[PDB]
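Starting off, we have a lone chain in the form deposited in one PDB entry, written out as structure tokens.
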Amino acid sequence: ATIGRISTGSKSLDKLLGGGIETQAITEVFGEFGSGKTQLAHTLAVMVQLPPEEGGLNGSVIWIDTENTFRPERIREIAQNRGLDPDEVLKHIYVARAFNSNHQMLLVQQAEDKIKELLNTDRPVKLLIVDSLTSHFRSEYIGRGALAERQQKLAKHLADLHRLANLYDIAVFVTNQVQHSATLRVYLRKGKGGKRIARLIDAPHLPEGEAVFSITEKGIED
């Protein structure tokens, strides 16, 4: 029932987010290629495994990869530099590669089996990443009539994701690349000096400024 919050690594981003990404919610990060969507996903997959006084939820991670951008050595790096054992961190991340959008849909069903298994253990799943939420959908549904059909399949997939978030008290974190019904939309862009800037889109309950952070050996951080 009460909502959990997963620190991103960046104090600035966390404040913008109201303390971190929420369980019982789908948080969508969207932005151009190279903006940092996948790096934020990597960092979150580590942060969630921290205890709560360090901004985590003692959680396991399920990661649905659609573009083969998951890097286990990046996870090990981030974990090591934040004082976690990198091999242990990796063992609590369950990555599956989605071959196409239908298999991506099926993987969400399978995620429920893994979630149920871990639920009342000491490392329940607390984060479900889809990176990228839309890349297969953009690629497969194209041409006259595909707008309605793509949106319908995507809405179904997002409904499935929202049910897991709410039913199991999990944060869902999804990426979308920009040249549907997410709970919170975060616009990410690359700024001057290598900085990254985040802004919330249509989110009255949180701050209306922008967060600024860097991508480092610790993942993201101010």
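Residue numbers here begin at 1 and follow the sequence given. Only residues modelled in both forms are compared. Between two forms, the rigid core is the largest collection of C-alphas that superpose within 1.5 Å.
**Student:** Count of coordinate-less deposited residues separating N68 and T69, as none, 1 to 3, 4 to 9, or 10 or more?
**Tutor:** Nothing is missing.
**Student:** Higher mean Cα B-factor in the deposited model: 206-214 or 8-16?
**Tutor:** It is 206-214 that shows the higher mean C-alpha B-factor.
**Student:** What stretch has the higher average Cα B-factor here, 43-51 or 184-192?
**Tutor:** Between 43-51 and 184-192, it is 184-192.
**Student:** Which is it among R82, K126, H103, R74: the one with the largest CA B-factor in the entry?
**Tutor:** Largest recorded C-alpha B-factor: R82.
**Student:** Comparing recorded Cα B-factors across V95, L133, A148, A98, which one is largest?
**Tutor:** Max CA B-factor in the entry, restricted to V95, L133, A148, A98: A148.
**Student:** Based on the entry's values, in what third of the chain does the Cα temperature factor of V178 lie: lowest, middle or highest?
**Tutor:** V178: CA B-factor falls in the highest third of its chain.
**Student:** Can you tell me which third, lowest, middle or highest, the CA B-factor of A155 falls into for its chain?
**Tutor:** According to the entry, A155 has a C-alpha B-factor in the chain's highest third.
**Student:** Divide the modelled residues of the chain into thirds by Cα B-factor and specify which third, lowest, middle or highest, holds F30.
**Tutor:** Ranked within chain, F30 CA B lands in the middle tercile.
**Student:** Where does the C-alpha B-factor of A198 rank in its chain, lowest, middle or highest third?
**Tutor:** Its C-alpha B-factor belongs to the middle third of this chain's values.
**Student:** With respect to C-alpha B-factor, does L118 fall in the lowest, middle or highest third of the chain as deposited?
**Tutor:** It falls in the top third of the chain.
Note that the form deposited with a partner chain bound isn't included here; everything after this is about it.
**Student:** Note which of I64, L161, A41, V29 lies within 4.5 Å of the partner chain in the bound PDB entry, where distance is taken over heavy atoms; exactly one does.
**Tutor:** Among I64, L161, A41, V29, a heavy atom within 4.5 Å of the partner chain in the bound PDB entry occurs only for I64.
**Student:** According to a 4.5 angstroms non-hydrogen atom cut-off, is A96 in contact with the partner chain in the bound PDB entry?
**Tutor:** Yes.
**Student:** Wondering, does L90 line up within 4.5 Å of the partner chain in the bound PDB entry on heavy atoms?
**Tutor:** Close contact exists here: in the bound PDB entry, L90 approaches the partner chain to within 4.5 Å, heavy atoms only.
**Student:** With a 4.5 Å heavy atom cut-off, would you call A79 a contact of the partner chain in the bound PDB entry?
**Tutor:** No, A79 is distant from the partner.
**Student:** How about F70: is it within 4.5 Å of the partner chain in the bound PDB entry, going by heavy atoms?
**Tutor:** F70: contacts the partner chain in the bound PDB entry.
**Student:** Just to confirm the contact call: exactly one of 33-41, 170-178, 56-64, 184-192 touches the partner chain in the bound PDB entry at a 4.5 Å heavy atom cutoff, so which is it?
**Tutor:** In short, 56-64.
**Student:** Quick one: core overlaid, is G194 moving 2 Å or more at the Cα between the shown form and the other one?
**Tutor:** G194: C-alpha displaced by 2 Å or more between the shown form and the other one.
**Student:** Pull up the moving segments between the shown form and the other one: at least three consecutive residues, every CA shifted by 2 Å or more, rigid core held fixed.
**Tutor:** Run shifting 2 Å or more: just 192-194.
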